[PDB]
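Enquirer: Right, I'll just put the structure down here and ask away after.
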Amino acid sequence: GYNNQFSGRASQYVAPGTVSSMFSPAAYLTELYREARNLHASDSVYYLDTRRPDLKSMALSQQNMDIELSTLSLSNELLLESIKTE
Amino acid sequence: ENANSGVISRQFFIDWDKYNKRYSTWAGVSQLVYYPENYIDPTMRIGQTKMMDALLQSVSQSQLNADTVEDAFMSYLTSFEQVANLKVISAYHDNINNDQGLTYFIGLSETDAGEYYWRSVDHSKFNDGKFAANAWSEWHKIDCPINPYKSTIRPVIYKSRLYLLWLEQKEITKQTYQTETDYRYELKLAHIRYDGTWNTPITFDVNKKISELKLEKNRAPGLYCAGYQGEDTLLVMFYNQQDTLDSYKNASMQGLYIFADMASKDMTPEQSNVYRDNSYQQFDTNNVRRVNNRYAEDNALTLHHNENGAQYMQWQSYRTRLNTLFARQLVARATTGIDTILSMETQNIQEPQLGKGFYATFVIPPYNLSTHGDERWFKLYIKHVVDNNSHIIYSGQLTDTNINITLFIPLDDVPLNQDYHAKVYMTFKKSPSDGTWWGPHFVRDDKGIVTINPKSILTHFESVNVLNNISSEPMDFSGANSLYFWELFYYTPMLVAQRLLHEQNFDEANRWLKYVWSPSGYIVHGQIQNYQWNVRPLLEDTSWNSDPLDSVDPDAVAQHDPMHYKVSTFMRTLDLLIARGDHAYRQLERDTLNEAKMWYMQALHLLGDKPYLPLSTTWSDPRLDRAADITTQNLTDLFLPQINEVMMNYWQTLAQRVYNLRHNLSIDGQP
Amino acid sequence: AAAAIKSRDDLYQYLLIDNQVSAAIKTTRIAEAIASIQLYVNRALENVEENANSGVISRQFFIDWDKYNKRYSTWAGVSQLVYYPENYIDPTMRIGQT
Amino acid sequence: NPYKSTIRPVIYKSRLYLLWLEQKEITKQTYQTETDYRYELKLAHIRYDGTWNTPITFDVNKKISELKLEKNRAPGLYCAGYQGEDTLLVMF
Amino acid sequence: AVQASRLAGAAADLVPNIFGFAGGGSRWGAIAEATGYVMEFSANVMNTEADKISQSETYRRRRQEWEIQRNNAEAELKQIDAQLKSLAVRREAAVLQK
Amino acid sequence: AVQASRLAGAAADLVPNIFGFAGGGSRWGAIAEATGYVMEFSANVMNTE
């Protein structure tokens, strides 16, 4: 039996493709963002937090992974909300 | 405009174009690190030996039969035996200090027109008193001709390239009108090329210099070769053989200079005296063969040929084996054929002990924090009554169980203390300091029996035993020939089984894969054997290491944790069972479909209960900002490991196949 | 209860009879009995069930299992090849050929 | 290429080995010119693939010269493998 | 086998072969000659071996093309039966027109 | 590799091999023989390639 022989390297596994897995694309987003968030100084106009403030507040959820929204609605929402801001 | 140059220098942006720029490549790298068994292919492997590459292309064909694979295995075993019987002659140490650098060995095969093989080892990878298996390198054939007098060949490294000096000798007949005979001697230098071929040997006339050495009859002149730091010159010196280093202190040192363009000059006596006096300790007496270092301006490394046939390298307290007598004992196993070559007792052929010493068994006491501390590490230290520093001989982690550790304990040539001959003491986080009497002391008599000194205190050893009846130890799957031993016992059966799989010769693939592992069990001499896996390093490694190897090669990481190779064998067993079921299922008649069912059910109970995985858990949908800071160490801190998608896929395809067998479909699911 | 039968697949493994099978498939009684016995022997040999008699396993019949006796066709072929050599004699290829 | 078909097989360590005595001619100078022979016992063994390893020469000239052989007579060669200890007994 | 034969001849060649007042006669190059013969033989044997492999891959590709042909023939055979079924209907409707 | 092996044998062949009252014995053609062997090998390897 596989589990009777080869289990126990981890205390708790998870299913293929779930959000909580260390190979999920969310984990890749987090790992990539950690390194990217520092490529420019804070004062620079090219700073990521200044350039894309809403991305830093992005929720990591199965919802945000499964729902295949239209991109153009998200670009409209982003320009619209920044115009309603300024 | 300007990225932070410090941030760009991070490894993540060095690995960018190669792995991290694309999500699929990053996921593949991360699984290849975490799940080696998926990407392990027996056909091709990094660091593959040349004879396994002979094997693969020999066995790769359309038709595979029992006789063909038997003959291919016999040729492979012939190659392995030929490359295993060779003996070392001489060596050179690449670095001024023995702690770092590389050591190059020269070995002769047992054939009349000898073949010479050069082997290199790395001292940096050596630690904890044991050379790492990956540190050793495979033997390489030397293409140029070598025909030395009395095996006077000595490698040297020059300008970071490997060079060979050997002395040839020839016979000529002086006329005196009575006819008389005499010899002439020609030092020859060769070097390897970038493509691993060997340049033509260049002759150097040494007849004057040897004739100045009043050699004994049929005695090989002492040849010293060393590469100078800074200046690119080969120091070549000829010295007369003497029994003691104290005699070399005034030897009339002959030699010559050899330059990069392979011009030469003689040594001046005044220069030779200096080159002698700085490095006289490296000269090989009639009683010792030493290894040379690069020239400099705490004994040297040494090669002993023991009477029992073990060759070993010694440095201070440390001895390491060089050759293996496995292939010389194997012939008895080969007389009864392949089924006996791969058997378990064959992997327990004894290695004769190296040097003079004894075997002692040490039992490590349980975890017991008050006598232990929080850090579970422990180290076994030896000390010898030369009263140098101690030396580590074993290092481990304290278990809650006992650990049984059997060690060869070296003994010096000379009993420099009358009361005890070795000290072993036990160190750990709680009590790292040594006590004068606070560990087992061992002493030997004239008849050579070792006993524990009653004056010594064993309180923090669970037991110490001396195995006075034992003068040998098991074959070593981590020593020098570890690569060839993993090459034969495990890799070759798996490669053969894999080749037989593609030819749909299931009956031969089952037995070949059954060599490495068989769920039914093993029967010997009419009795069932307790063990389940036929390979010793798979049988002994029963759970993964506390941390894996970080390496983008799946095979080095599986070599570091051979629990993975067990999974790779299990997965090839499931592949065989599924393929056999699919092949039977291709015939749609009633009787055969029940064979298809019993084949799938056979693999079904082997896989066992599909694991249940609770769909939602503690993971709480965190913000990317906060997930970043949790993951920034001073991903397992917040993301969990997933079950291997390939193992999940086996349950998916087996359940769907049984669904078709239960519903009278075909394999494409059509009524 | 000494058999920890918990679901229909466990009952199939125990009774050696397929209960989830559809009524479409029809097989003879003797062949079905042979299949049940083969499944039981296979479960015993892999020691999936607690403890087979090690003396009985050491018999030649279970040494020859995977090779000849697990499949009826292979067993029949072996038995005829022993009893009727002329059928399988091929002049082209022969063991011990000079 | 034995002298007078002086070849004798032996089994050593469960492997087949061959001993045969070769003989060659040489001309000692005495200034009158004279001739004499030399004898070289050679050992070979089979490999796992049924090929034969290269024959290894052993100098037996002293040992044969101690045997006051008749002219053109083949020395009695006895070859036997020892039980337990792995040594070839070679006796003339 | 050829490597052992050539090495044995090379080793047996370095011994002198003329004696008395004239000595020597040992060809000094014999080891390099044997290494040359064995290393030029190696190329020929690797060419023979690679040609055996390429023949094997040829026979395999041919067998796969016979899968393409056999499946095409089976599909055409299968479609003809349904064509016959359609014509059987068309004829029933023609008897009914009569 | 074959070119180096044949050149090495050629160079090792020009030295005399008989001594005493009879001298010489060095085959003068050995360099041309080695150049012939390597140049006929070249054709075979180019055909294989």
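Following the order of the structure tokens, chains are lettered A, B, ..., residues in each are numbered from 1, and ligands are numbered from 1.
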Enumerate as a list in words the residues belonging to chain B that approach chain E to within 7 Å, with only C-alpha atoms taken into account.

Expert: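 Matching residues, ligands excluded from the count: residues 61, 62, 112, 113, 145, 172, 173 and 179 of chain B.
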
Enquirer: Write a file of the selected residues as an mmCIF file, in the first residue's frame, keeping C-alpha atoms.

Expert:
```cif
data_model
loop_
_atom_site.group_PDB
_atom_site.id
_atom_site.type_symbol
_atom_site.label_atom_id
_atom_site.label_comp_id
_atom_site.auth_asym_id
_atom_site.auth_seq_id
_atom_site.Cartn_x
_atom_site.Cartn_y
_atom_site.Cartn_z
ATOM 1 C CA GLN B 61 16.624 -3.281 -30.892
ATOM 2 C CA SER B 62 13.246 -4.508 -32.142
ATOM 3 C CA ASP B 112 50.295 -8.206 -20.354
ATOM 4 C CA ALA B 113 50.369 -5.164 -22.636
ATOM 5 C CA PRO B 145 51.115 4.093 -25.169
ATOM 6 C CA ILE B 172 71.596 -2.392 -26.290
ATOM 7 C CA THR B 173 74.775 -4.436 -26.730
ATOM 8 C CA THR B 179 79.880 -9.005 -26.666
#
```

Enquirer: Write out as a PyMOL selection string which residues come within 12 Å of residue 105 of chain B when counting only C-alpha atoms, dropping same-chain ones fewer than 2 positions away.

Expert: chain B and resi 86-94+102-103+107-108+116-122+136-140+153-157+162+164+291-292+302-303+312-313+322-323+480

Enquirer: Grab the atom CA of residue 14 of chain F to atom CA of residue 27 of chain F distance for me, in Å with one decimal place.

Expert: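 Computed distance, atom CA of residue 14 of chain F to atom CA of residue 27 of chain F, equals 6.2 Å.
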
Enquirer: Fewer than 3 positions away in the same chain doesn't count, so skip those; otherwise give me all residues within 8 Å of residue 534 of chain B, counting only C-alpha atoms, as JSON, numbers by chain.

Expert: {"B": [342, 343, 344, 515, 516, 517, 531, 538, 539]}

Enquirer: Quote the spacing between atom CA of residue 183 of chain B and atom CA of residue 35 of chain D in Å to one decimal place.

Expert: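 Here the two named atoms are 23.8 Å from each other.
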